[PDB]
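In structure tokens, the next block holds one chain alone, the form deposited in one PDB entry.
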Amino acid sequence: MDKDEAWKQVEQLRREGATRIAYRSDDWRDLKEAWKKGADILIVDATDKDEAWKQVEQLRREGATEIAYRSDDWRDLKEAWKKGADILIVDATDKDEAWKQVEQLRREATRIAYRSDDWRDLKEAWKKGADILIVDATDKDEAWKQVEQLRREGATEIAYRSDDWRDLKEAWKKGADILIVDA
């Protein structure tokens, strides 16, 4: 998970013409650089550091307009929204309480991004209101099959995550619109 390699993936996807590139990191400085290089969606992870909202705060001040935040903890997600995140990432393995909070805000504002390794799960989340459906099957055959099926279902804002721009480009070709470089 090397930053210089990650930035190069963003650069290559930009050269290929992608306009909805995302970048996942725990460091606002790394995210700011990815932003300058072509990433429009900046995902603050810091699933290790608690007050990772400090990172959201700094990116907000720097002027990024699409900041995402991942936590399984609805209280953390809500704080991140308050500090300027507009995309809250919830996971299939999360407690039901996580979606419950992000759904309240989504009605009122925020977008919900749902990560599952089962495409039928992702479809249900789409039907239940999720704005962004993240495919991250490490098997590429299965992952690209999930992207294809979500496109067939009409699910919108399909995302795929990889450390390799070539896999992201294949996902893009098959129907993914958001391409997450995992730094």
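Between two forms, the rigid core is defined as the largest C-alpha subset superposing within 1.5 Å. Each residue number is its position in the shown sequence, starting from 1.
Below: the form deposited in another entry, not depicted.
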Of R151, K49, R120, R29, Cα shift of 2 Å or more between the shown form and the other one on rigid-core superposition seen only for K49
If you line up the core, does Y160 shift 2 angstroms or more at its C-alpha between the shown form and the other one? no
With both forms fit on the core, has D86 moved 2 Å or more by CA between the shown form and the other one? no
After the core is overlaid between the shown form and the other one, has the C-alpha of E142 moved by 2 angstroms or more? yes
The CA atoms of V102 and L150 move 3 Å or more in the other form, ending up closer
Cα of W7 vs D177, shift of 3 Å or more in the other form, relative to this form: the pair sits closer
